[PDB]
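Novice: The structure that follows is given in the form of structure tokens.
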Amino acid sequence: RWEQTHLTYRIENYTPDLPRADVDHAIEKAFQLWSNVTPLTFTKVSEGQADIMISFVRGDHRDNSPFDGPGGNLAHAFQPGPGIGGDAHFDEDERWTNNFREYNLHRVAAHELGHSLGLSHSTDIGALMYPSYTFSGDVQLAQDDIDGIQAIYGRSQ
Ligand SMILES: O=C(CC1(S(=O)(=O)c2ccc(Oc3ccccc3)cc2)CCOCC1)NO
Ligand SMILES: [Ca+2]
Ligand SMILES: [Ca+2]
Ligand SMILES: [Ca+2]
Ligand SMILES: [Zn+2]
Ligand SMILES: [Zn+2]
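Read in the deposited numbering, the sequence shown has 119 at position 12, and its numbers run on one by one without any break.
This is the structure:
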């Protein structure tokens, strides 16, 4: 987990798959879920290192956790920590979207950010932290998600 509830994040590169604005939308919208229920606060920075580093990549991409091309593995984030910790990586061999068609960025990002903050997968099929991609018109967290994060960072209110 993170010591400070005030965290910075930065979209290092953008998937051309979408117009960058929608990319920022899907991200900020991802960070909101978690901010909506915990004392966590997020500031995106446009340059320099940030706590949560966000990037879209492929295959071997430095870290010892290479992507497998289209399909299969979609994304992976790192548990809270300096440097690589809290960092989230997206698989560019995927066709990232801002809609119902396969691999909706927002949805996956939300999940990834969950790991960035410390969370593990959920056994609740209805939780965002559940390890299987599925698309839902509304995308709010499950009781499971909220409970999970609030025991870590407390509650908002
Ligand atoms: O959990 C993972 C890796 C997986 S995955 O790529 O299929 C995957 C699955 C779902 C996911 O995020 C979502 C979670 C729930 C609904 C939508 C998206 C994000 C990644 C592939 C290996 O097994 C676990 C799921 N990364 O964080
Ligand atoms: Ca980091
Ligand atoms: Ca892949
Ligand atoms: Ca792509
Ligand atoms: Zn990676
Ligand atoms: Zn996951």
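Note that beta-carbon positions come from the ideal geometry of N, C-alpha and C, so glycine has one too.
(1) Can you tell which of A217, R208 and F207 has the C-alpha that lies nearest to the C-alpha of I161?
(2) Contact check, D124 vs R202 under 8 Å by CB: the rounded distance?
(3) Can at least three beta-carbon pairs, one atom from the stretch 241-260 and one from the stretch 217-227, be found at a separation below 8 Å?
(4) What is the rounded straight-line gap between the Cα of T230 and the Cα of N180?
(5) Would you tell me roughly how many angstroms separate the C-alpha atoms of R214 and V246, rounded to the nearest one?
(6) In chain order, what residues of the same chain lie with their CB nearer than 7 Å to the CB of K136, ignoring the 5 residues before and after it?
(7) With ligand 6 as the reference, list in chain order each residue whose Cβ lies under 6 Å from any of its heavy atoms.
(8) With DSSP as the reference, please indicate the residues paired to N211 in a beta bridge.
(9) Please determine, among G178, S243 and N171, the residue with the shortest C-alpha to C-alpha distance to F185.
(10) Note down, in chain order, each residue of its chain lying with its Cβ closer than 6 Å to the Cβ of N211, except the 5 sequence neighbours on either side.
Specialist: Answer, in terms of the structure:
(1) Residue numbering aside, residue 161 sits at position 54 when the sequence shown is read from its first letter. For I161, the nearest C-alpha among the options comes from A217.
(2) Against the sequence shown, residue 124 aligns to sequence position 17. Against the sequence shown, residue 202 aligns to sequence position 95. Indeed they touch by this definition, with Cβ atoms about 6 Å apart.
(3) yes
(4) For the purposes of this step, residue 230 is taken as residue 123 along the sequence shown, with counting starting at 1. For the purposes of this step, residue 180 is taken as residue 73 along the sequence shown, with counting starting at 1. Their backbone Cα atoms lie some 19 Å apart in a straight line.
(5) Looking up residue 214 in the sequence shown gives position 107. Looking up residue 246 in the sequence shown gives position 139. Computed Cα separation, rounded: 7 Å.
(6) As a working mapping, residue 136 is identified with position 29 in the sequence shown. Once the five neighbours on either side are set aside, the close Cβ partners of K136 are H213.
(7) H218, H222, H228 and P238
(8) Position 104 of the sequence shown holds residue 211. DSSP output for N211 lists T204 as bridge partner(s).
(9) Start at 1 with the first residue of the sequence shown, and residue 185 comes out as number 78. Closest by alpha carbon: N171.
(10) Translated into the one-based positions of the sequence shown, residue 211 becomes position 104. Correct list, in chain order: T204 and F242.
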